[PDB]
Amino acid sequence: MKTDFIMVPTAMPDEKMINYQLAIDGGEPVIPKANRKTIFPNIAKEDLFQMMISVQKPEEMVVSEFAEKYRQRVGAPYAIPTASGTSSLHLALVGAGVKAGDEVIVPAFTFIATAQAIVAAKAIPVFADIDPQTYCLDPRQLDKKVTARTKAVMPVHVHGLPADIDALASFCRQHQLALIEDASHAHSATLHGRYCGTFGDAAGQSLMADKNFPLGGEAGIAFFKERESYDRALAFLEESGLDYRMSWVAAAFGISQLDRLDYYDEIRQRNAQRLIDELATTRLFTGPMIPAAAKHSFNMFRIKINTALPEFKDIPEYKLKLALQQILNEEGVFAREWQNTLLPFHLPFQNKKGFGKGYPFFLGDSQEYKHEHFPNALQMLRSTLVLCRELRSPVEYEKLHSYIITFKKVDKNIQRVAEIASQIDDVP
């Protein structure tokens, strides 16, 4: 039988491993090789049985059943199930009244699919910089983005942290713009006790198997505030001839998963909050900043590196990041980057080909972006590492404590971190 089941339990790590030799220098790693796997999503008996239930019903009913179920929980007036998060965002934009040629304000830092939803709506992305702590669309650097073409602002609840809705909502009503959320990371994330996806005129949300609330492979959902938006998005599907329908198989997994979401979320919250608190004691690391009214879903956990420590004098930040990545990965914590380059400088937004002949892009004033336009986002990429699956998975206490030991172990070797970083060869 082919199973992902982990056969070795994660032993409680000795607190004395903080004094141990680093694993990169032939030391004992905090997390042994056998204990480095995690299971995601959490596939239980319920999920297998749910397939046996749903298979007996009409596929469109299974999809409808899911859509309603999740909608009620989120608290969105209307919802459309779709094959992907990308398609949901596309339907969200169009539904909210984004027409061909319109400009849409988006953060430079997000997944490609955010912007490719804008281009799919035949609109032009206007990339903006991010706040250096929240990592979300910066409301301060937004005056300089507005034109006669600007129709909507599309903030991303990146990592799972709700973006500055209160500020961005004021900007939208002021300039008579529509607000479209990308909640593809913010499953169960809240602001003022309200779930992400209910704030904007519309919103899109990935329901892929790599998200805190996973469906059975590829899937997504679009939320709309007013019915006129929901109807327009439906009317677009009629006119466009696009088939963005969800698989019942995918929906079925969602139905069962939703019954157990709150359980997993609770472990996720307590695990993350503990790690924040522990990283607060470290000189080298700092966990994500969270506004008081906000609740982080912790799809991704981005850790800030203090590159300005004395030991890291004439060392460029990227070398520190790379060294820390190698050091942590040897200990067993797979820290990594989420986005290597900002969307402006991704090939699609360099060639500006779109549908062809640069269809969306030539329908408005051409923008040659440069790195100097996004200083905050670039500082983040140089001076942060990300934990993804390791805190998206609701890991047991022994595993969470292993993480805490790892950072505290590395925090006691800031000198060696510096020595290793300085030995890294230069790059473009």
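Residues carry their position along the shown sequence, with the first being 1.
The mean Cα B-factor in the deposited entry runs higher for 129 to 137 than for the other of 129 to 137 and 259 to 267. Of the two stretches examined, 332 to 340 and 208 to 216, the record assigns the greater average C-alpha temperature factor to 332 to 340.
When the Cα B-factors of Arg302, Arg149, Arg245, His296 are read from the PDB record, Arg149 comes out highest. Sorting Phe49, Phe66, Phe374, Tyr403 by the CA temperature factor given in the entry leaves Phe374 at the top. Per the PDB record, residue ranking by Cα B-factor puts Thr190 in the middle third of the chain.
When all modelled residues of the chain are sorted by CA temperature factor, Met7 is found within the lowest third. When the modelled residues of the chain are ordered by C-alpha B-factor, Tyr369 sits in the highest third. Ranked against the other modelled residues of its chain, the C-alpha B-factor of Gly354 as given in the entry falls in the middle third. When the CA B factors of the chain's modelled residues are split into thirds, the value for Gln379 lands in the highest one.
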